[PDB]
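Inspection log for the structure reproduced underneath, given as structure tokens.
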Amino acid sequence: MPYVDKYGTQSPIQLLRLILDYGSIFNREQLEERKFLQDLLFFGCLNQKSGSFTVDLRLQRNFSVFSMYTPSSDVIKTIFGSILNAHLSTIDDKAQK
Amino acid sequence: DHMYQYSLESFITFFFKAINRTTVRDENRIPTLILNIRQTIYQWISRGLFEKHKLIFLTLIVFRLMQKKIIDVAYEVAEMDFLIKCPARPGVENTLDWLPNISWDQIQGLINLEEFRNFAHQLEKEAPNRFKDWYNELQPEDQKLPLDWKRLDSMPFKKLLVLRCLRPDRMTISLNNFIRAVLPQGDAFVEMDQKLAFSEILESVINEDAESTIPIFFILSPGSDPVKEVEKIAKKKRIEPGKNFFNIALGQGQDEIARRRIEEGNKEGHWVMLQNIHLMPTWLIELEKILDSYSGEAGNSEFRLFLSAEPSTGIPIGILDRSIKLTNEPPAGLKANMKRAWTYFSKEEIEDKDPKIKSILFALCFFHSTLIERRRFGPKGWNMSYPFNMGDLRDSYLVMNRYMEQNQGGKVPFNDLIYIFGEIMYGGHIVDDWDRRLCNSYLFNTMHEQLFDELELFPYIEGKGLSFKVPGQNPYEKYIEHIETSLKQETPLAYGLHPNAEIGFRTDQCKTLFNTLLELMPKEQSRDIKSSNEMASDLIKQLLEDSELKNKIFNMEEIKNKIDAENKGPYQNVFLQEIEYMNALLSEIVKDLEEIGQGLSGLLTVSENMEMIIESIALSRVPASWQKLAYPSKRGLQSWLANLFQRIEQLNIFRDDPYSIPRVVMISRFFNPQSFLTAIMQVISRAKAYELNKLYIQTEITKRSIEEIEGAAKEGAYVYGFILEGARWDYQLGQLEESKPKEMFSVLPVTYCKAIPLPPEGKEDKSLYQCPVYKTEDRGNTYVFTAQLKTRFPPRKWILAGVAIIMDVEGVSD
Amino acid sequence: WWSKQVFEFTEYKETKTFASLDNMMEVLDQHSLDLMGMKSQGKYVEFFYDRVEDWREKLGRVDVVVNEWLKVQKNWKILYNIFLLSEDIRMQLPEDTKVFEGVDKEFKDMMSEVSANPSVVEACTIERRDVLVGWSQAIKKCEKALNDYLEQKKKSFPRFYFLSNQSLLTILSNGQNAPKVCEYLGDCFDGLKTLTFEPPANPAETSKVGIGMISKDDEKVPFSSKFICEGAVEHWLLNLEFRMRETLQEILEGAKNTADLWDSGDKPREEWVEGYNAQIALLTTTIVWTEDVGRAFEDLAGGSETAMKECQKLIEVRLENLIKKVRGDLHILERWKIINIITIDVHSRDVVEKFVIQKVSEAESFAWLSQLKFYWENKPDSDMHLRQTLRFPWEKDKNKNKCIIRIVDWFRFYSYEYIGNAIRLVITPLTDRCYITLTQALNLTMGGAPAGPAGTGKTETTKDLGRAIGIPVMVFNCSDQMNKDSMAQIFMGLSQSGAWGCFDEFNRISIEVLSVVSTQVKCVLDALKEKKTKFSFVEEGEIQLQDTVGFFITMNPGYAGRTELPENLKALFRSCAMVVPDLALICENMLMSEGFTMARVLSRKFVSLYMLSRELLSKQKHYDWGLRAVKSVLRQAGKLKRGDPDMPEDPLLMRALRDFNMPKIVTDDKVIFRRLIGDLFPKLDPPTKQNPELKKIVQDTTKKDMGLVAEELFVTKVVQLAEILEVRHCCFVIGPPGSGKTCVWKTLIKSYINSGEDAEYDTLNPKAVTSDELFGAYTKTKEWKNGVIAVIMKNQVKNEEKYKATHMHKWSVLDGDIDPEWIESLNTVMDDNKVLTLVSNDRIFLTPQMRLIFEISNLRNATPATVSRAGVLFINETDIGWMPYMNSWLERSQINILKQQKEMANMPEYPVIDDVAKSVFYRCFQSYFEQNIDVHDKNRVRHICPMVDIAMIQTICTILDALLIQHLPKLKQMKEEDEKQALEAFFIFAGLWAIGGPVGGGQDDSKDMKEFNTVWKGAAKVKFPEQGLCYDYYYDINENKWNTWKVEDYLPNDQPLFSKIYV
Ligand SMILES: Nc1ncnc2c1ncn2[C@@H]1O[C@H](COP(=O)(O)OP(=O)(O)OP(=O)(O)O)[C@@H](O)[C@H]1O
Ligand SMILES: [Mg+2]
């Protein structure tokens, strides 16, 4: 969702790639200082059909991809069914069904 | 077109003037006033318009009177939309021999109209007895059809429509005859202001209108001076020695002098002529503000401002509006152009010069003259528009003049002089180099040893019967008199073009007058029940969705998997590259279609480019984004789709047995033809044992038709869909010959393409003629390769005729 | 701020000055802006306006006085500097010099008094402002008087008009100091940059005695005798302008006498060329060429057929003999002194070839009259006094041979200007035709205009024509800032001194100022037709006219914002048609430059390859088929030619073209391109050349310290990169999104370390950081901060870890997506010239041992020009593969090395892989990717984002890692049979999930899962229970039953927020 330029490549994303591989980030104050970064982990959360459709394939390679699937009858009924059953039982012994 | 902007205020003064000119005293004032207004406004605008546009504007006025129904005419609203733009409809392969295939496709648009629904079947019945006979007959618009079509020939509009569709060339002439019948006192509108010439118009227009506050605007073409005509007229009206009135020419620094002169002019009352107004674009914005201040003040009576300028962009709209516009165009003709060439050269210089030098100068004047007449023809002619001035002819004389003064008694070198005329004098204009060879033909034919003896300037003239020769040694005054008599009538044949090449011009002329008239045609009939642009786009979309476009797209991976890639060929490489381009086109047009189709029937934002595509479909022009993809060949939208599916058909036969090349290939239906030719040479280079660079492709025309099953002939590649323009290739003779008069384009038979090493040295053969092939009829930087073919006539004849090969002419069967 | 603000005086030796006023000035302007508006607008402010308005007036007063010194000090500085150190110019205009000196002393005093006062505006008051305005007006008068004096000097010397007024002023000021004047003659003339000088009698004095002249390239022409600088600057410079010509003329008489002698003489041609100068040598070549051809025509009138064939044969032997001389090591000045001759003798050979083919046996045929002929003859019936005007003594002598230049009825003397070995353009049938048009225009005393597209370099052809003639050529560029007055000065100056005027981008001129140019030009052209020695211009009538002057204007039809020329002007200038120079004729020269005997035949073959290659190969942005790429391929081939001259040319060229294009070319195009090459040289068999020392050390370093498998395809790419770095300073390591592009350059450095010495590399991402901040820009405060690129350039030279002391090869790595805005700042470094441009204008020069490596996925944002500038290298994803990672992971050598030698102390320990376990994993990886087409099939498996093959392998490995550590103790306790099942199971589970995550998108996610469930369900010997997804099951070591994921029954919580509640 960070703003994409004319060239179709995002400045904030490209920085993260420099951190993942080389492990050195140049601080805008004292640009001579390497400022090496260590024991850092990054956990992505990407929404498709939102801002940029796809991010850079060279970053996406360093990340292990995972997908949340769209809601299902079996998935919804187990999630919400357990919330309501716990609250409706406190209301009345009836109206659980 | 720019600078045709007219003010509301100026129109209102002309409109009122027309009312005051009416002398009728309420007997038939209301009728005669309307008639007088039309005349008054038309003549004002016509002066403002160029010769070519004057016709276009008269067609509007009558169609707009017809649209609103101010005069009673027999027409249909659907039929007027069909008249302005005719869509070529494919489907029927069966035609008549004499009728062109393009004319038949226009008739399939005529069939969709209810009045000419039964016309298609009537046409088939006694076609050769009646329609062939009528088609063949000249001035067909006056000739009545013998198949009980007298009823269509009574009604002048309905007749006019049929005449276009059958014969495009006679439309421009027939229209004038139609205009005269429908419009009241129309015979006076056709004559217009041709009887009065120019000098009489300018004397009249100053006195009758633009007395004060309305400055007069002149638009001059090259070789025309407005100041010479106005000064003569200026002297008769009032005493003009050059003191009272000043003919101030606009230069840099002289803007303050012109400002002082115009300021002085208003309070004094003397008129002021300004020249070269276009030369200072900053001062026109300043001048505009001065004119607006003086219109509010209202300095002295009988004051005018004349302004003369070359037509250009970035002229202020405000000035062009308020000012009356008057255009002066020199008489357009070979003879009229030759005459203007001799008038330019000073009488007293030519008399001094001896008979030899003045004789060769004459032949040069002609050479300069003929180039301007070729410029009028698009593809068949030059292939490109190049500027030619009198200064470029003068330049060439001054060099020639020196060469005669040095040689003296010793014979003059033509060989030295001709190179200069082709490579320098008229080389400077031509960059393309294909036009240069044509340019040298005219030159080579005009300049030779026998020129000084009486010799035909027009090429060959074997059985033409013009008999126009260079004048023998005589006094200067006798040269012009002979020029005027011997040129008499101006024809295409004079330049070296074929008669059918003139018909083709009236076609190209006719077509432009309707493409302009479509834009000009206002309010789209003002509703009422003709199908909207978005409906017409939806209908074409439905036809494309009915076809399996998504199926027609070829997955690259499937085709690559079928090929082993060890036994792969150069042919196979070209197709793979070609089908990729097609996939990229076919995916793009389906994307643009399914997007615009969704935008019509679904609530979604409509992009600017998508509105343009909808507009382009209604007009039935190929879209700009689509045109950019694939081939650069211009066609109709319905023709393009039919042509595209024939391209797709050529790739479908490739997908099944790719390794086995088809016996007959069609170069007319490729993305790059050149790419294919490089391929056929590559296959030969493997089989043979020499460099590919050394091998040149050499076409040889074959008498066999497509029927022959013989394919993949060793040192060979078959081709078809080549079409020859400006000539006919006879099968029986086995040679190029002069074209049939009525047949515009001559389709070539099965072409055999052999690769063979180049000659060690540059060798010129009289029998072999080098004709360029072009992808499109336009022939503008679409050169692919030089084909060779055997001709009994000299090559010089054919390069002068302009004869070339075209891939797509819209004369392709089925 | 203002009540206490100030202006420190900075001494200018000796005037206190207001420097840094602008910083105060801007603050004062800001105070005036808001303060004046607020008082009038504010209702509360309106009540106390009697205060803001008085303060606002004071703020307004300050600005006028502040602008006033700036308008006076700068202009006073300039006029004062004209008076300063110019007794010559002081005595010339006494009335103004004295008035000015009066004003300067007053100004120096007033400024000192101000440095005593507080606010300048408060000190300025009104009376002071009026006094300052009067002083400024008085100074202006001095400038006007000085300007009139400059015009008189401009009339005296033609070169001064071309020279900038700031330079002109400097020269007039330093009229005594000769060496400073000679510095600015490089701007006036085509060559003659400076003059050599005899060391003077007293060391304080600068030398006057000129022994020789120095070119722009440092070629020395010695003068016959000592040239003394006389008094007046214009007077000794005009004597120098003539002494240049005199000396060129004096040597040519000796050159032509020795020219006849070398032919028959034992001394070779190539050795004679060395002795003389680049200009005189080239002329004397062309002179003895025309004599030679003239002797061949006279023989063929006799009847000897061989006369034309022998002249052909001779010209073709000298061309070959000279071609060997360029191949053997020479001096860079001597290169072009010899290569410019190669470019004229190739044309000469093409002329005589063309004469033999057309069979032209008569002299005074057009074909001979057409060619640019040079004649060295004392014509006893000299028509040259009629054709042009006699200017120099030798032209008027008529006892000594003069040099004449004949071409199509236009004969004009070789004017002897000094060009100093600038490169002659390649002669082509278009340029021959172009020379005809321009010469005929001059013959008719009117202008000659060549019109063509951008990149034609028409201006360069018109210059090179005047260079062959030896007339000076001046180049003017018009940015639509040209005025009537500024233009008139150029035309006035051009007419005074015989000089060809070529206008660059003449098309983009204001139609107003153009209509003057047409009147000015017309008045000159009208004078040339009359041929008058003196003519009368519109203003400053009395000017010396010279017939030799000619005006050339270069229009571009396609250029945007084109203004149509007036019909009157169009008639004056003869239009010529200009086309892009043929790639065969340029390539032919470049091949003859490197010393190929068969160059001609190869050139026609070479061009044909490249032209065919563009059409048949798929359109790639990284492919460069331009002339700039061709030269960089030839230069590499040329070093290899010089190495092995005895080897034939066709087999050598073959090997070179294949080698350098292979890396850039993709695998699809590699097969066709190899077969395409076969067309050109079918008989010739190419042998692949690889350096064994470089290949061995790369293989050894990669096993020892990189812990990666030295694959035959991988090592070839590293060797190919190493070659590219040697030839090309700047290189692009382009490739696909997921490969080992980074590993390839990293492996090369560690190989250079083992090879020679340690090689520091400074990695950054340019795209990531802002374009301005990377290169570095000025802040609000007037202070420049060092950019990230800019500091590495300072740091790498000295005073850092990357310092050039002990390191043989250093290079800065960049791994961002190339952009036209970002590269534009670096486009100076991209070019062959090793110059760095910054906003500060600090000059940094790239060392020969410094290299640049760019690493990009897509070259789409990059411009086609940018691709040409540097040497490209494409790495095919399939050629590297993912196997080398997997092999490095199973061996753990890669992983082991990273832990040993990194600052990453907190790194997780990877499990120990059993020899039995390794052999199962190796077989399983290989068996599941190669055999299954269904896994890699786009149709079968639908990904959300386009995951690269390498990326999915990296996830399998990291999942497998954690699964081994957890169950390591259990795998040892178990038997090898159930362990072999368990390790396969672990892989399947890990594999499933490593490709599971990426699966999604479409209309229904469930449909894409079921398709993926089906194909993966066939996971060799191991099976999944029915009526369950592969995801839902995980492998249990103890059970061995693939037990489905157990979920914990949700427990109610008292959390108010619903987003906090997690089921
Ligand atoms: N011979 C080899 N065998 C196996 N793995 C290798 C080998 N050489 C390199 N690798 C690994 O392959 C990956 C290549 O990383 P690299 O950054 O070079 O990829 P890239 O796609 O070119 O990156 P970028 O998109 O940032 O330019 C790394 O994990 C590297 O260690
Ligand atoms: Mg990387």
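Identifiers in this document derive from the order of the structure tokens: chains are assigned A, B, ..., residues are numbered from 1 separately in each chain, and ligands are numbered from 1 in order of occurrence.
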Inset, instruction - Give as a PyMOL selection string the residues surrounding ligand 2 up to a distance of 10 Å, considering only C-alpha atoms and all ligand atoms. - result: (chain A and resi 17-18+20-22+58-59+61-62) or (chain C and resi 737-743+815+855)
Inset, instruction - Give as a count of residues only the residues surrounding ligand 1 up to a distance of 9 Å, considering only C-alpha atoms and all ligand atoms. - result: 54
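Here CA of residue 384 (chain B) is placed at a distance of 21.1 Å from CA of residue 444 (chain B).
Excluding region 525-527 of chain B and any residue on its chain fewer than 3 positions from it, the residues at most 8 Å away by only C-alpha atoms are residues 67, 77, 522 and 530 of chain B.
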Atoms kept (C-alpha atoms) for selection, written as a CSV table (one decimal), in the first residue's frame:
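See selection_20.csv below for the written result:
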chain,number,residue,atom,x,y,z
B,67,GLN,CA,-31.4,17.9,-42.4
B,77,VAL,CA,-31.8,10.1,-42.3
B,522,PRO,CA,-23.4,19.0,-36.9
B,530,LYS,CA,-30.2,6.0,-35.6
Inset, instruction - Do me a favour and pick out the residues of chain C within 6 Å of chain A, using only C-alpha atoms, as a PyMOL selection string. - result: chain C and resi 737+767-768+788+861+951+955+997-998+1052+1063
Can you pull out every residue within 10 Å of residue 492 (chain C), counting only C-alpha atoms, but drop anything in the same chain fewer than 2 positions away, and send it as a PDB file with N, CA and C atoms, in the first residue's frame?
ATOM      1  N   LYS C 154      36.989  44.763 -31.436  1.00  0.00           N
ATOM      2  CA  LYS C 154      36.259  43.678 -32.146  1.00  0.00           C
ATOM      3  C   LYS C 154      36.415  43.879 -33.657  1.00  0.00           C
ATOM      4  N   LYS C 155      36.349  45.127 -34.127  1.00  0.00           N
ATOM      5  CA  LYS C 155      36.526  45.396 -35.579  1.00  0.00           C
ATOM      6  C   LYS C 155      37.943  44.979 -35.994  1.00  0.00           C
ATOM      7  N   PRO C 158      38.885  39.539 -35.854  1.00  0.00           N
ATOM      8  CA  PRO C 158      37.656  38.750 -36.043  1.00  0.00           C
ATOM      9  C   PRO C 158      37.376  37.735 -34.923  1.00  0.00           C
ATOM     10  N   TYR C 161      35.216  38.665 -31.616  1.00  0.00           N
ATOM     11  CA  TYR C 161      33.729  38.654 -31.645  1.00  0.00           C
ATOM     12  C   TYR C 161      33.217  37.301 -31.140  1.00  0.00           C
ATOM     13  N   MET C 487      23.243  38.774 -32.309  1.00  0.00           N
ATOM     14  CA  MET C 487      23.376  38.038 -33.596  1.00  0.00           C
ATOM     15  C   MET C 487      24.192  38.877 -34.588  1.00  0.00           C
ATOM     16  N   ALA C 488      23.876  40.170 -34.717  1.00  0.00           N
ATOM     17  CA  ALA C 488      24.538  41.128 -35.636  1.00  0.00           C
ATOM     18  C   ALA C 488      26.057  41.120 -35.403  1.00  0.00           C
ATOM     19  N   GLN C 489      26.488  41.126 -34.134  1.00  0.00           N
ATOM     20  CA  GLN C 489      27.919  41.102 -33.707  1.00  0.00           C
ATOM     21  C   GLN C 489      28.635  39.884 -34.309  1.00  0.00           C
ATOM     22  N   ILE C 490      27.988  38.712 -34.303  1.00  0.00           N
ATOM     23  CA  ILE C 490      28.549  37.431 -34.836  1.00  0.00           C
ATOM     24  C   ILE C 490      28.760  37.577 -36.350  1.00  0.00           C
ATOM     25  N   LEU C 494      32.146  37.666 -38.206  1.00  0.00           N
ATOM     26  CA  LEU C 494      32.359  36.561 -39.178  1.00  0.00           C
ATOM     27  C   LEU C 494      32.828  37.142 -40.517  1.00  0.00           C
ATOM     28  N   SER C 495      32.159  38.189 -41.010  1.00  0.00           N
ATOM     29  CA  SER C 495      32.481  38.878 -42.288  1.00  0.00           C
ATOM     30  C   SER C 495      33.909  39.440 -42.243  1.00  0.00           C
ATOM     31  N   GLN C 496      34.267  40.141 -41.156  1.00  0.00           N
ATOM     32  CA  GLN C 496      35.598  40.786 -40.953  1.00  0.00           C
ATOM     33  C   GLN C 496      36.703  39.764 -41.256  1.00  0.00           C
ATOM     34  N   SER C 497      36.670  38.598 -40.598  1.00  0.00           N
ATOM     35  CA  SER C 497      37.667  37.498 -40.730  1.00  0.00           C
ATOM     36  C   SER C 497      37.055  36.300 -41.453  1.00  0.00           C
ATOM     37  N   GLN C 520      19.920  40.802 -42.581  1.00  0.00           N
ATOM     38  CA  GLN C 520      21.383  40.914 -42.323  1.00  0.00           C
ATOM     39  C   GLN C 520      22.147  40.028 -43.311  1.00  0.00           C
ATOM     40  N   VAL C 524      24.710  40.819 -46.758  1.00  0.00           N
ATOM     41  CA  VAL C 524      26.057  40.190 -46.916  1.00  0.00           C
ATOM     42  C   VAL C 524      26.102  39.461 -48.266  1.00  0.00           C
ATOM     43  N   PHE C 537      26.932  47.437 -43.900  1.00  0.00           N
ATOM     44  CA  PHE C 537      25.909  46.761 -43.052  1.00  0.00           C
ATOM     45  C   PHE C 537      24.864  47.799 -42.614  1.00  0.00           C
ATOM     46  N   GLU C 539      23.837  48.650 -39.481  1.00  0.00           N
ATOM     47  CA  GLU C 539      24.530  49.463 -38.437  1.00  0.00           C
ATOM     48  C   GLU C 539      26.015  49.078 -38.413  1.00  0.00           C
ATOM     49  N   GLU C 540      26.891  50.044 -38.106  1.00  0.00           N
ATOM     50  CA  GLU C 540      28.377  49.933 -38.185  1.00  0.00           C
ATOM     51  C   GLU C 540      28.758  49.558 -39.622  1.00  0.00           C
ATOM     52  N   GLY C 541      28.417  50.428 -40.580  1.00  0.00           N
ATOM     53  CA  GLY C 541      28.507  50.180 -42.033  1.00  0.00           C
ATOM     54  C   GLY C 541      29.884  49.704 -42.460  1.00  0.00           C
ATOM     55  N   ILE C 543      32.811  47.884 -42.578  1.00  0.00           N
ATOM     56  CA  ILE C 543      33.402  46.584 -42.135  1.00  0.00           C
ATOM     57  C   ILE C 543      34.134  45.951 -43.327  1.00  0.00           C
ATOM     58  N   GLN C 544      35.315  45.371 -43.074  1.00  0.00           N
ATOM     59  CA  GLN C 544      36.104  44.598 -44.070  1.00  0.00           C
ATOM     60  C   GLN C 544      35.296  43.354 -44.445  1.00  0.00           C
ATOM     61  N   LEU C 545      35.106  43.110 -45.744  1.00  0.00           N
ATOM     62  CA  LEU C 545      34.440  41.893 -46.278  1.00  0.00           C
ATOM     63  C   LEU C 545      35.517  40.945 -46.815  1.00  0.00           C
TER      64      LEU C 545
END
